[PDB]
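In structure tokens, one chain follows: the form deposited without this ligand.
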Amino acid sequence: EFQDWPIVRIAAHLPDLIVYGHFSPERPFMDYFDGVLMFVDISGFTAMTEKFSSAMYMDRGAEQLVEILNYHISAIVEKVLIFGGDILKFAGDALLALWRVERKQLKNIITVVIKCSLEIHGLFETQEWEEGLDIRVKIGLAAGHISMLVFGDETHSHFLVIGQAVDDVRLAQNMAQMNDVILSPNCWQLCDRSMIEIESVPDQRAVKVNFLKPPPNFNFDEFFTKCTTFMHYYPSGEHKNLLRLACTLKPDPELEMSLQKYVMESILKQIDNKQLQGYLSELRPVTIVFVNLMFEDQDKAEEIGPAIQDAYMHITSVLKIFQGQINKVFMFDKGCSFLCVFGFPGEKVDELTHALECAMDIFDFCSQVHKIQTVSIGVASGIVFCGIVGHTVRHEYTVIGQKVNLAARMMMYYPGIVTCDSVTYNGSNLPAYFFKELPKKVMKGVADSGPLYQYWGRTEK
């Protein structure tokens, strides 16, 4: 069976949630379901990101980084897929996966997902990034009601999953130490407590898995086979050796038109064999504009949806003018954030002045969108790693680096304003009184930030 059609290559960049969705063209589009979520990332990775920027890598740092990252993350991906999970999105060295199931099957699926989690940790027992540095992962699990949001215009589409289970998995995974599997409170509440031995996490209702101790007669393979009854797209029969059913997709121009809207044009160029397959793995100077949209505690998905949509419509128009791309969209703890990048495949130009002007335009517009409580934007400029991360069958373009993290922390630690780093401030074709030098905050994962500035804008008022 020939499988290497463009439609199949596009499907590598998307979950089954999207590939096999069959939803309307209205934007926003929302749907509601239940599932179990897994959030996982890799320890010692930042350490490596640093190693690969240095001269010892002889101009092949981005190539070597992408290789070693994909070596590890593709193993995680394969575990997830063989356990029946759907990888939703990647961000750097992190990924979110979903096992969508009927409410009645949540108990047994939690068991599957815990076993998957333990098998993931098992890959990394004894593993080192390099001699002297271990590679381990941290896992959070959650379960419950999940909403999906699809937003976009006639040319581009984005999706998010939303709700308390989504917030829960992020919180769980944040409490995890290397080697941990943390369960959300609701996940512990819904699980097969007869089989899962936990310990309390101090000052938290979330719990830590110590062991899976199944009954004497339990057989995991048989249990798993029964669970597959409820997995609509588990590869089976003649396709039992495939990691994904999506590998069997056949040409279908209406489906392909829908799916391509989720994928960046430079990626589609590679997929169409009009660009070299290695061209997107690079350490390149970019400017990151990280936009955070905060909603109220009580806001439901049905009001968040339209507001994201409205914000998006303006974001995309401004980025187009200023030559920027949306690299990734995230949502947790009532903040929807857009990781925007100026300068990447082909787009290099007063990149700084424009990133700042774009940020102010976004800030001013979004601040007026109904339901958006606070807009915050962090702007940082520097060398970042760009590349397609994941497995051959399930991968995405992503950006990794200290300036990405810096922009992300700025937007959270300095809410309600537009902030920029020192590179941006100094490089800009703009006068000093357009800025305000800020108090320096101690920020998680942040270096010495260097001086940080608010972009005040062109007038006092």
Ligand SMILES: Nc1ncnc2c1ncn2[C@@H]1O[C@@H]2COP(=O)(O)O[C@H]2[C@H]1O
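Throughout, rigid core stands for the largest set of C-alpha atoms superposing within 1.5 Å between the two forms. Only residues modelled in both forms are compared. Residues carry their position along the shown sequence, with the first being 1.
Missing here is the form solved in complex with this ligand; even so, the following discussion is about that form.
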is_contact(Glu197, this ligand) in the deposited bound form, heavy atom dist at most 4.5 Å: yes
Flag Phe295 as yes or no: does it have a non-hydrogen atom within 4.5 angstroms of any non-hydrogen atom of this ligand in the deposited bound form? no
Would you please decide whether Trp188 lies within 4.5 angstroms of this ligand in the deposited bound form, comparing each non-hydrogen atom pair? yes
Can you check whether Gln323 is within 4.5 Å of this ligand in the deposited bound form, heavy atom basis? no
Answer among 374-382, 228-236, 167-175, 113-121 for heavy atoms within 4.5 Å of this ligand in the deposited bound form: the stretch 167-175
This ligand in the deposited bound form has a heavy atom of only one listed residue within 4.5 Å, and of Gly152, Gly387, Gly343, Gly92 that residue is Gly92
Scan 417-431 and write down, in order along the chain, each residue with a heavy atom lying within 4.5 Å of this ligand in the deposited bound form. none
Listing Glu265, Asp221, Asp297, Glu102 as candidates, which single one shows a C-alpha movement of 2 Å or greater between the shown form and the other one when the core is held fixed? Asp297
Once the two forms are fit on the core, has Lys334 moved its CA by at least 2 Å between the shown form and the other one? yes
Closer or farther: C-alpha pair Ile162/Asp299 in the deposited bound form, relative to this form, given a change of 3 Å or more: closer
Just to spell it out: taking the C-alpha atom of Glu302 and the C-alpha atom of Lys334, is that distance smaller or larger in the deposited bound form than in the structure shown here, given it changes by 3 Å or more? farther
Taking the rigid core as the frame, what runs of at least 3 residues have C-alpha moves of 2 Å or more between the shown form and the other one? 1-3, 43-47, 133-136, 297-299, 332-334
